[PDB]
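Peer 1: Let me give you the structure first, and then I'll get to my questions.
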Amino acid sequence: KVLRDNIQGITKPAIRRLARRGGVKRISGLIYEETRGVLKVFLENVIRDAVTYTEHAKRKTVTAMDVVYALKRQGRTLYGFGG
Amino acid sequence: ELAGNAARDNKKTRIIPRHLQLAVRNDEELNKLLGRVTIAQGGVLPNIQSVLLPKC
Amino acid sequence: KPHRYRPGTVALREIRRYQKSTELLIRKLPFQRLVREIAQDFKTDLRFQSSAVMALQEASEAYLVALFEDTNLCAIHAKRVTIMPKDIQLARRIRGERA
DNA sequence: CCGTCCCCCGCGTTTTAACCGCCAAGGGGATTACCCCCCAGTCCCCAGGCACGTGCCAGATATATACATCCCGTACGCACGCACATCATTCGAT
DNA sequence: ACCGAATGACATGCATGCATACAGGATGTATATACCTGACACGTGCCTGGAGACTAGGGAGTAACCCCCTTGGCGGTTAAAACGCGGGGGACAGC
(Lines give C-alpha, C1' and ligand atoms only; values in the text may rest on other atoms or scores of the structure.)
Protein backbone atom coordinates (compact mmCIF):
# COMPACT_ATOMS: atom_id res chain seq x y z
CA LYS A 1 0.00 0.00 0.00
CA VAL A 2 2.89 2.34 -0.83
CA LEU A 3 1.76 3.47 -4.30
CA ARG A 4 1.03 7.16 -3.69
CA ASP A 5 2.70 10.53 -3.94
CA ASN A 6 5.72 9.73 -1.82
CA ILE A 7 5.84 13.19 -0.23
CA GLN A 8 3.72 11.64 2.50
CA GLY A 9 6.66 9.28 2.96
CA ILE A 10 8.09 12.04 5.12
CA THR A 11 5.86 10.91 7.95
CA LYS A 12 4.44 13.15 10.67
CA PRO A 13 6.48 11.68 13.57
CA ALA A 14 9.62 12.30 11.52
CA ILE A 15 8.61 15.96 11.29
CA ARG A 16 8.12 16.02 15.06
CA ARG A 17 11.65 14.76 15.73
CA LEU A 18 13.23 17.62 13.80
CA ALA A 19 11.32 20.31 15.68
CA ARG A 20 12.52 18.75 18.92
CA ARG A 21 16.10 18.95 17.65
CA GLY A 22 15.25 22.50 16.67
CA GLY A 23 14.10 23.22 20.18
CA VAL A 24 10.38 23.35 19.40
CA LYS A 25 8.21 22.55 22.40
CA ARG A 26 4.61 22.26 21.15
CA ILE A 27 3.95 21.52 17.47
CA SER A 28 0.62 22.56 15.98
CA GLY A 29 -1.45 20.07 14.04
CA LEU A 30 -1.30 22.04 10.78
CA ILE A 31 2.51 22.34 10.67
CA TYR A 32 2.57 18.79 9.33
CA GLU A 33 1.07 20.05 6.06
CA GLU A 34 3.06 23.21 5.41
CA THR A 35 6.43 21.61 6.14
CA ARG A 36 5.86 19.12 3.35
CA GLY A 37 5.56 22.26 1.26
CA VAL A 38 8.84 23.84 2.36
CA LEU A 39 10.84 20.67 1.85
CA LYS A 40 9.14 20.32 -1.53
CA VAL A 41 10.37 23.80 -2.44
CA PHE A 42 13.92 23.20 -1.24
CA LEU A 43 14.59 19.94 -3.04
CA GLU A 44 12.97 21.43 -6.13
CA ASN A 45 15.99 23.73 -6.44
CA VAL A 46 18.95 21.70 -5.23
CA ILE A 47 18.17 18.81 -7.54
CA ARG A 48 17.53 21.32 -10.37
CA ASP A 49 21.15 22.43 -10.17
CA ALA A 50 22.34 18.91 -9.46
CA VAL A 51 21.07 17.40 -12.70
CA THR A 52 22.45 20.27 -14.80
CA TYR A 53 26.10 19.49 -14.10
CA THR A 54 25.51 15.80 -14.70
CA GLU A 55 23.62 16.45 -17.92
CA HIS A 56 26.56 18.66 -18.83
CA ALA A 57 29.31 16.24 -17.90
CA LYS A 58 27.91 13.39 -20.04
CA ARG A 59 27.29 11.50 -16.80
CA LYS A 60 24.03 9.63 -16.32
CA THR A 61 24.89 9.28 -12.62
CA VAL A 62 24.28 12.18 -10.28
CA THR A 63 27.28 11.93 -7.98
CA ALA A 64 28.20 13.14 -4.52
CA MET A 65 30.32 15.95 -5.96
CA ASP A 66 27.45 17.21 -8.12
CA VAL A 67 25.38 17.85 -5.01
CA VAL A 68 28.10 19.38 -2.84
CA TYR A 69 28.60 21.90 -5.61
CA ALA A 70 24.88 22.56 -6.06
CA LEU A 71 24.59 23.23 -2.35
CA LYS A 72 27.54 25.62 -2.63
CA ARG A 73 25.64 27.92 -4.99
CA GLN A 74 22.80 28.47 -2.52
CA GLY A 75 25.36 29.69 0.01
CA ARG A 76 25.05 26.51 2.08
CA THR A 77 28.31 24.64 1.69
CA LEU A 78 28.22 21.04 2.90
CA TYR A 79 31.48 19.92 4.45
CA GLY A 80 32.35 16.29 4.53
CA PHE A 81 31.29 14.62 1.33
CA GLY A 82 34.14 15.94 -0.79
CA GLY A 83 36.11 18.98 -1.88
CA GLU B 1 12.00 47.48 -22.13
CA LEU B 2 9.94 47.00 -18.98
CA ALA B 3 11.35 50.20 -17.49
CA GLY B 4 10.46 52.13 -20.63
CA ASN B 5 6.84 51.10 -20.24
CA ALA B 6 6.63 52.33 -16.65
CA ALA B 7 8.13 55.76 -17.30
CA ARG B 8 5.77 56.31 -20.22
CA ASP B 9 3.10 55.08 -17.82
CA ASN B 10 4.22 57.94 -15.61
CA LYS B 11 4.14 60.42 -18.52
CA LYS B 12 7.94 60.84 -18.43
CA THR B 13 9.91 59.93 -21.53
CA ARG B 14 13.37 59.68 -19.92
CA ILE B 15 14.33 56.77 -17.68
CA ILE B 16 15.43 57.81 -14.18
CA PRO B 17 16.39 55.27 -11.48
CA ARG B 18 13.01 55.56 -9.79
CA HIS B 19 11.61 54.46 -13.13
CA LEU B 20 14.21 51.69 -13.22
CA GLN B 21 13.58 50.01 -9.88
CA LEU B 22 9.90 49.44 -10.69
CA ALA B 23 10.89 47.29 -13.66
CA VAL B 24 12.90 44.89 -11.51
CA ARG B 25 10.94 44.71 -8.27
CA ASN B 26 7.61 44.33 -10.07
CA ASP B 27 8.93 41.78 -12.61
CA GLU B 28 8.85 38.51 -10.70
CA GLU B 29 11.39 36.70 -12.88
CA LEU B 30 14.04 39.41 -12.55
CA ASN B 31 13.41 40.08 -8.86
CA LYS B 32 15.11 36.75 -8.11
CA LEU B 33 18.19 37.95 -10.01
CA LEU B 34 18.57 41.39 -8.39
CA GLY B 35 17.52 40.08 -4.99
CA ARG B 36 20.65 41.35 -3.24
CA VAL B 37 21.40 44.68 -4.92
CA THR B 38 20.12 48.07 -3.77
CA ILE B 39 19.81 50.38 -6.77
CA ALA B 40 21.06 53.84 -5.81
CA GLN B 41 18.49 56.64 -5.63
CA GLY B 42 15.97 53.89 -6.20
CA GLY B 43 13.01 54.60 -4.03
CA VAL B 44 10.93 51.69 -2.76
CA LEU B 45 7.74 49.99 -3.84
CA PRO B 46 4.50 51.58 -2.61
CA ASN B 47 3.18 49.06 -0.10
CA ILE B 48 1.18 49.42 3.11
CA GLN B 49 0.19 46.31 5.05
CA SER B 50 -3.53 45.67 5.40
CA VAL B 51 -3.42 45.77 9.21
CA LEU B 52 -1.90 49.24 8.90
CA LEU B 53 -5.04 50.72 7.34
CA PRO B 54 -7.42 52.74 9.54
CA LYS B 55 -10.38 51.03 11.18
CA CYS B 56 -12.79 51.97 8.39
CA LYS C 1 -12.55 74.19 18.69
CA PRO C 2 -9.61 74.27 16.22
CA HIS C 3 -9.63 71.44 13.72
CA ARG C 4 -7.36 68.50 14.48
CA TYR C 5 -6.76 65.29 12.59
CA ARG C 6 -7.27 62.08 14.51
CA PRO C 7 -4.13 60.30 15.73
CA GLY C 8 -2.40 58.16 13.12
CA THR C 9 -3.98 59.58 9.97
CA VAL C 10 -1.19 62.11 9.44
CA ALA C 11 1.29 59.23 9.42
CA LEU C 12 -0.54 57.36 6.66
CA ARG C 13 -0.31 60.48 4.52
CA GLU C 14 3.47 60.33 4.84
CA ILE C 15 3.65 56.57 4.26
CA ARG C 16 2.06 57.30 0.90
CA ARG C 17 4.32 60.33 0.44
CA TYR C 18 7.79 59.13 1.41
CA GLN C 19 7.30 55.76 -0.28
CA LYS C 20 6.51 57.68 -3.45
CA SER C 21 9.52 59.99 -3.57
CA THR C 22 13.12 58.83 -3.83
CA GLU C 23 15.32 61.52 -2.27
CA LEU C 24 17.59 60.88 0.69
CA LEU C 25 16.24 61.02 4.22
CA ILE C 26 19.06 61.44 6.75
CA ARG C 27 20.31 65.01 6.86
CA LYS C 28 23.36 65.18 4.62
CA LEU C 29 25.89 67.21 6.56
CA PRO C 30 25.71 65.35 9.91
CA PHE C 31 25.78 61.98 8.18
CA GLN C 32 29.14 62.75 6.61
CA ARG C 33 30.40 64.14 9.91
CA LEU C 34 29.48 60.78 11.40
CA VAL C 35 31.45 58.81 8.81
CA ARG C 36 34.61 60.78 9.52
CA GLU C 37 34.14 60.25 13.24
CA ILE C 38 33.55 56.50 13.02
CA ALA C 39 36.27 56.03 10.42
CA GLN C 40 38.71 58.10 12.45
CA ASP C 41 40.22 55.17 14.33
CA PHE C 42 40.56 52.73 11.45
CA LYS C 43 43.20 55.02 9.94
CA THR C 44 44.66 58.47 10.44
CA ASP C 45 43.74 61.60 8.47
CA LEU C 46 41.43 59.88 5.99
CA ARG C 47 40.08 61.94 3.10
CA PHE C 48 36.79 60.61 1.71
CA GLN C 49 36.16 61.26 -1.93
CA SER C 50 32.89 63.15 -1.64
CA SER C 51 31.38 60.86 -4.25
CA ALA C 52 31.87 58.05 -1.73
CA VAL C 53 30.31 59.72 1.29
CA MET C 54 26.90 59.66 -0.33
CA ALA C 55 27.69 56.19 -1.64
CA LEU C 56 27.34 55.02 1.93
CA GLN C 57 24.16 57.04 2.38
CA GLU C 58 22.46 55.35 -0.57
CA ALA C 59 23.78 52.07 0.79
CA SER C 60 23.12 52.32 4.52
CA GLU C 61 19.65 53.83 4.15
CA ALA C 62 18.63 51.12 1.77
CA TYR C 63 19.55 48.87 4.71
CA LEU C 64 17.68 50.57 7.55
CA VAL C 65 14.57 50.64 5.40
CA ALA C 66 15.23 46.98 4.71
CA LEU C 67 15.12 46.67 8.48
CA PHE C 68 12.15 48.81 9.53
CA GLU C 69 10.19 47.06 6.82
CA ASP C 70 11.21 43.71 8.27
CA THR C 71 10.40 44.44 11.89
CA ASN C 72 7.03 45.76 10.75
CA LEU C 73 5.94 42.22 9.95
CA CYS C 74 7.09 41.05 13.37
CA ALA C 75 5.29 43.81 15.24
CA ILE C 76 2.31 42.87 13.08
CA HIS C 77 2.98 39.21 13.82
CA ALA C 78 2.71 40.06 17.52
CA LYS C 79 -0.84 41.41 17.13
CA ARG C 80 0.52 44.92 17.67
CA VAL C 81 1.00 47.89 15.36
CA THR C 82 3.91 49.84 16.89
CA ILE C 83 7.47 48.59 16.49
CA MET C 84 9.35 48.20 19.76
CA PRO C 85 13.02 47.51 20.61
CA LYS C 86 12.20 43.90 21.42
CA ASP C 87 11.10 43.61 17.80
CA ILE C 88 14.44 44.45 16.17
CA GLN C 89 16.42 42.00 18.30
CA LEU C 90 14.29 39.34 16.66
CA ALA C 91 14.47 40.92 13.23
CA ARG C 92 18.25 41.01 13.08
CA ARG C 93 18.39 37.55 14.65
CA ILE C 94 16.70 35.59 11.86
CA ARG C 95 18.97 37.17 9.27
CA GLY C 96 22.04 36.46 11.39
CA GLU C 97 23.44 39.97 11.86
CA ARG C 98 23.60 40.00 15.68
CA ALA C 99 23.80 36.43 16.97
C1' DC D 1 -6.98 40.45 33.70
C1' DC D 2 -10.78 36.72 33.26
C1' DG D 3 -11.94 32.89 31.64
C1' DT D 4 -13.10 30.19 27.94
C1' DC D 5 -12.52 25.21 25.80
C1' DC D 6 -10.59 22.81 22.81
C1' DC D 7 -7.14 20.68 20.82
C1' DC D 8 -2.55 18.54 21.18
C1' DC D 9 -0.36 15.34 24.03
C1' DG D 10 0.90 11.00 26.30
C1' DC D 11 -0.02 6.71 26.34
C1' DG D 12 -1.50 2.46 24.62
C1' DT D 13 -2.62 -1.18 20.37
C1' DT D 14 -1.21 -3.44 16.01
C1' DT D 15 0.04 -2.81 11.07
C1' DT D 16 3.61 -2.36 8.62
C1' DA D 17 7.09 -1.50 6.11
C1' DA D 18 11.86 0.05 6.62
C1' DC D 19 15.93 -3.01 7.53
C1' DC D 20 19.26 -6.18 6.65
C1' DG D 21 21.33 -9.54 4.23
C1' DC D 22 22.16 -11.70 0.37
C1' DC D 23 21.85 -12.56 -4.80
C1' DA D 24 22.35 -11.16 -9.72
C1' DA D 25 23.65 -8.03 -14.22
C1' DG D 26 25.32 -4.99 -16.63
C1' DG D 27 24.82 -0.33 -17.36
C1' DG D 28 28.03 2.64 -17.40
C1' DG D 29 31.78 5.39 -14.80
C1' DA D 30 36.36 5.59 -15.65
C1' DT D 31 40.38 5.01 -18.26
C1' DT D 32 43.70 4.61 -22.84
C1' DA D 33 44.67 5.50 -27.17
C1' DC D 34 44.57 8.85 -31.49
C1' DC D 35 44.46 12.66 -33.76
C1' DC D 36 42.91 16.66 -35.85
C1' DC D 37 40.99 21.07 -35.65
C1' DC D 38 41.39 24.63 -32.91
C1' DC D 39 42.79 28.09 -30.12
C1' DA D 40 47.19 30.97 -29.02
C1' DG D 41 50.16 33.89 -31.10
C1' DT D 42 52.26 37.69 -34.74
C1' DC D 43 51.93 40.86 -38.07
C1' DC D 44 49.33 44.29 -40.14
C1' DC D 45 45.93 47.59 -40.71
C1' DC D 46 41.67 50.71 -39.60
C1' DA D 47 37.21 52.20 -38.06
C1' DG D 48 34.98 51.84 -33.83
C1' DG D 49 34.95 54.01 -29.80
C1' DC D 50 36.04 57.52 -26.56
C1' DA D 51 37.11 62.40 -25.45
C1' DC D 52 35.48 67.28 -26.17
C1' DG D 53 32.08 70.92 -27.29
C1' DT D 54 28.11 71.93 -28.46
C1' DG D 55 23.89 73.78 -28.00
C1' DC D 56 19.65 73.42 -28.03
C1' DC D 57 15.95 71.46 -26.76
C1' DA D 58 12.62 69.49 -24.59
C1' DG D 59 13.08 67.72 -20.91
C1' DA D 60 13.09 68.97 -16.45
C1' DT D 61 12.09 72.85 -12.42
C1' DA D 62 9.11 76.05 -10.28
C1' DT D 63 4.19 78.64 -10.08
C1' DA D 64 -1.57 79.03 -9.39
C1' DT D 65 -5.96 76.71 -9.14
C1' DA D 66 -9.63 72.97 -9.15
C1' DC D 67 -10.70 69.25 -6.92
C1' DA D 68 -10.69 65.59 -3.73
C1' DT D 69 -10.48 63.86 1.06
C1' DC D 70 -10.99 63.63 5.99
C1' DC D 71 -13.27 64.77 10.01
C1' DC D 72 -17.15 66.85 13.56
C1' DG D 73 -20.96 68.21 14.18
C1' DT D 74 -25.17 67.67 13.07
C1' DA D 75 -29.69 65.98 12.78
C1' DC D 76 -32.14 62.56 11.66
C1' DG D 77 -33.72 57.97 12.18
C1' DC D 78 -34.86 54.47 15.28
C1' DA D 79 -35.27 51.23 18.22
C1' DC D 80 -34.79 51.55 22.60
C1' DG D 81 -36.44 51.96 27.91
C1' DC D 82 -39.47 54.31 30.57
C1' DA D 83 -43.78 55.49 31.21
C1' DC D 84 -48.19 56.02 30.51
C1' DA D 85 -53.22 55.41 29.33
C1' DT D 86 -56.15 52.06 28.17
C1' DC D 87 -57.32 47.34 27.23
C1' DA D 88 -58.21 44.13 29.97
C1' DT D 89 -59.25 41.25 34.30
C1' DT D 90 -60.61 40.53 38.89
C1' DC D 91 -63.26 40.98 43.46
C1' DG D 92 -67.83 42.05 45.01
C1' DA D 93 -72.80 42.47 44.26
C1' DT D 94 -75.62 41.25 41.63
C1' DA E 1 -71.20 35.03 34.62
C1' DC E 2 -71.85 40.07 33.83
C1' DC E 3 -72.21 44.58 36.17
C1' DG E 4 -69.47 47.44 39.08
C1' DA E 5 -65.22 49.33 40.62
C1' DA E 6 -60.36 48.41 41.05
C1' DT E 7 -56.35 46.72 38.91
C1' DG E 8 -53.04 44.02 36.48
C1' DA E 9 -52.30 43.74 31.65
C1' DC E 10 -51.76 45.47 26.64
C1' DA E 11 -50.67 48.98 23.76
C1' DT E 12 -48.58 52.94 23.17
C1' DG E 13 -46.46 57.59 23.87
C1' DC E 14 -42.74 59.51 25.37
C1' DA E 15 -38.01 60.50 25.79
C1' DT E 16 -33.46 58.92 24.98
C1' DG E 17 -29.34 56.30 23.26
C1' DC E 18 -27.55 55.17 19.59
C1' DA E 19 -26.52 54.80 14.81
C1' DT E 20 -25.54 57.35 10.78
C1' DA E 21 -25.69 59.71 6.52
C1' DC E 22 -24.10 64.09 5.36
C1' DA E 23 -22.89 68.35 4.78
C1' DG E 24 -19.57 71.86 6.11
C1' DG E 25 -15.41 72.96 6.88
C1' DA E 26 -10.80 72.73 6.30
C1' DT E 27 -6.98 70.64 4.50
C1' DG E 28 -4.49 68.59 1.33
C1' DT E 29 -3.64 66.85 -3.33
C1' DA E 30 -3.67 66.95 -8.24
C1' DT E 31 -4.21 69.80 -12.37
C1' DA E 32 -2.31 72.98 -15.81
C1' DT E 33 0.15 77.05 -15.72
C1' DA E 34 4.36 79.49 -16.61
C1' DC E 35 9.76 79.99 -16.87
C1' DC E 36 14.24 78.08 -16.75
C1' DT E 37 18.96 75.04 -18.22
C1' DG E 38 21.75 71.77 -16.50
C1' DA E 39 22.32 68.53 -19.32
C1' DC E 40 20.98 65.67 -22.68
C1' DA E 41 22.15 63.91 -27.51
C1' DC E 42 25.00 64.17 -31.95
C1' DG E 43 29.16 65.96 -33.92
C1' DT E 44 34.39 65.27 -34.71
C1' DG E 45 38.16 63.95 -34.49
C1' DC E 46 41.51 60.68 -33.32
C1' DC E 47 43.80 56.16 -32.02
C1' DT E 48 44.41 51.48 -30.42
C1' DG E 49 42.34 47.83 -30.14
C1' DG E 50 39.37 44.63 -32.96
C1' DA E 51 39.85 42.34 -37.35
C1' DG E 52 42.50 39.27 -41.33
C1' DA E 53 45.67 36.17 -42.39
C1' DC E 54 49.27 32.99 -41.03
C1' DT E 55 51.46 29.21 -38.70
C1' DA E 56 51.71 25.73 -34.78
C1' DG E 57 50.53 22.02 -31.26
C1' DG E 58 48.45 20.99 -27.54
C1' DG E 59 43.73 19.58 -26.00
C1' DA E 60 39.48 17.73 -26.88
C1' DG E 61 36.76 14.34 -29.22
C1' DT E 62 36.73 10.46 -30.99
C1' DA E 63 36.54 4.53 -30.25
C1' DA E 64 37.24 0.64 -27.24
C1' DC E 65 37.89 -1.68 -23.38
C1' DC E 66 37.13 -2.76 -18.71
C1' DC E 67 34.65 -3.37 -14.21
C1' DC E 68 32.07 -1.72 -10.26
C1' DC E 69 28.48 -0.32 -8.05
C1' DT E 70 23.49 0.77 -8.97
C1' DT E 71 19.56 -1.02 -9.41
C1' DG E 72 17.02 -5.22 -9.01
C1' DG E 73 15.18 -8.88 -6.17
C1' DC E 74 13.62 -11.44 -1.71
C1' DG E 75 12.89 -13.26 2.51
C1' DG E 76 12.90 -11.92 8.19
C1' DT E 77 12.36 -9.14 12.56
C1' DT E 78 10.95 -5.46 15.03
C1' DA E 79 11.14 -0.89 15.01
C1' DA E 80 8.78 2.72 14.01
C1' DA E 81 4.31 4.17 12.26
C1' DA E 82 -0.82 4.63 12.29
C1' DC E 83 -4.58 4.97 15.32
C1' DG E 84 -7.57 6.11 19.62
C1' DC E 85 -8.56 8.82 23.47
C1' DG E 86 -8.51 11.55 27.90
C1' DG E 87 -8.03 15.39 29.38
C1' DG E 88 -5.66 19.96 30.40
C1' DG E 89 -3.59 24.09 29.50
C1' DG E 90 -2.40 26.70 26.05
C1' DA E 91 -4.98 30.07 22.73
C1' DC E 92 -8.20 32.84 22.44
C1' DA E 93 -11.36 36.42 23.28
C1' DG E 94 -12.92 40.25 25.91
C1' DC E 95 -12.61 44.51 29.56
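Ordering of the C-alpha coordinates sets the chain letters (A, B, ...); residue numbers start at 1 within each chain; ligands are numbered from 1 in the order shown.
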Please identify every residue of chain C that has at least one atom no more than 12 Å from any atom of chain B, counting only C-alpha atoms, and report them as a PyMOL selection string.
Peer 2: chain C and resi 6-25+54-66+69-70+72-73+75-82
Peer 1: Which residues of chain C come within 9 Å of chain D, and what is each one's closest atom pair and distance in Å (one decimal), counting only C-alpha atoms (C1' of nucleotides), sorted by chain and residue number, as a tab-separated table?
Peer 2:
```
residue	atom	partner	partner_atom	distance
C:3	CA	D:71	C1'	8.5
C:4	CA	D:71	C1'	8.3
C:5	CA	D:71	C1'	7.0
C:6	CA	D:71	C1'	8.0
```
Peer 1: Kindly indicate which residue among C:2, C:34, C:40, C:45 lies nearest to chain E, using only C-alpha atoms (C1' of nucleotides) for the distances.
Peer 2: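 Checking each candidate against chain E, we get C:2 as the closest.
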Peer 1: Quick one: distance from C1' of residue 16 in chain E to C1' of residue 95 in chain E in Å, one decimal?
Peer 2: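 Calculated distance between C1' of residue 16 in chain E and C1' of residue 95 in chain E is 25.8 Å.
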Peer 1: Can you check which residues of chain A DSSP gives as alpha helix (DSSP H) on the backbone and send them as a PyMOL selection string?
Peer 2: chain A and resi 12-21+31-56+65-73
Peer 1: Excluding same-chain residues fewer than 5 positions from residue 39 in chain D, what lies within 10 Å of it counting only C-alpha atoms (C1' of nucleotides), as a ChimeraX atom specification?
Peer 2: /E:57-59
Peer 1: With N, CA and C atoms (P, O5', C5', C4', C3', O3' and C1' of nucleotides) retained, export the selected residues as a PDB file, in the first residue's frame.
Peer 2:
```pdb
ATOM      1  P    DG E  57      55.028  23.655 -32.902  1.00  0.00           P
ATOM      2  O5'  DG E  57      53.983  23.017 -31.881  1.00  0.00           O
ATOM      3  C5'  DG E  57      53.465  23.800 -30.822  1.00  0.00           C
ATOM      4  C4'  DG E  57      52.300  23.094 -30.170  1.00  0.00           C
ATOM      5  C3'  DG E  57      52.486  21.588 -30.010  1.00  0.00           C
ATOM      6  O3'  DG E  57      52.015  21.177 -28.749  1.00  0.00           O
ATOM      7  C1'  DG E  57      50.532  22.024 -31.262  1.00  0.00           C
ATOM      8  P    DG E  58      53.045  20.581 -27.674  1.00  0.00           P
ATOM      9  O5'  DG E  58      52.394  20.955 -26.265  1.00  0.00           O
ATOM     10  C5'  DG E  58      51.177  20.351 -25.867  1.00  0.00           C
ATOM     11  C4'  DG E  58      50.050  21.360 -25.869  1.00  0.00           C
ATOM     12  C3'  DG E  58      48.781  20.882 -25.196  1.00  0.00           C
ATOM     13  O3'  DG E  58      48.042  21.986 -24.731  1.00  0.00           O
ATOM     14  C1'  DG E  58      48.448  20.995 -27.542  1.00  0.00           C
ATOM     15  P    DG E  59      47.333  21.920 -23.296  1.00  0.00           P
ATOM     16  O5'  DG E  59      45.834  21.518 -23.639  1.00  0.00           O
ATOM     17  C5'  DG E  59      45.041  22.404 -24.381  1.00  0.00           C
ATOM     18  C4'  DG E  59      43.889  21.673 -25.025  1.00  0.00           C
ATOM     19  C3'  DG E  59      43.096  20.767 -24.083  1.00  0.00           C
ATOM     20  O3'  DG E  59      41.723  20.987 -24.281  1.00  0.00           O
ATOM     21  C1'  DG E  59      43.730  19.585 -26.002  1.00  0.00           C
TER      22       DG E  59
END
```
Peer 1: Using only C-alpha atoms (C1' of nucleotides) for the distances, tell me which of E:92, E:53, E:80, E:5 is nearest to residue 11 in chain A.
Peer 2: E:80
Peer 1: What's around residue 53 in chain A at 12 Å? Count only C-alpha atoms (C1' of nucleotides), leave out sequence neighbours fewer than 3 positions away in its own chain, and write the answer as a list in words.
Peer 2: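 Once the adjacent positions are removed, what remains is residues 46, 47, 48, 49, 50, 56, 57, 58, 59, 60, 61, 62, 63, 64, 65, 66, 67, 68, 69 and 70 of chain A.
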Peer 1: Please measure the separation of CA of residue 32 in chain C and CA of residue 53 in chain C, giving the value in Å to one decimal.
Peer 2: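 Going from CA of residue 32 in chain C over to CA of residue 53 in chain C covers 6.2 Å.
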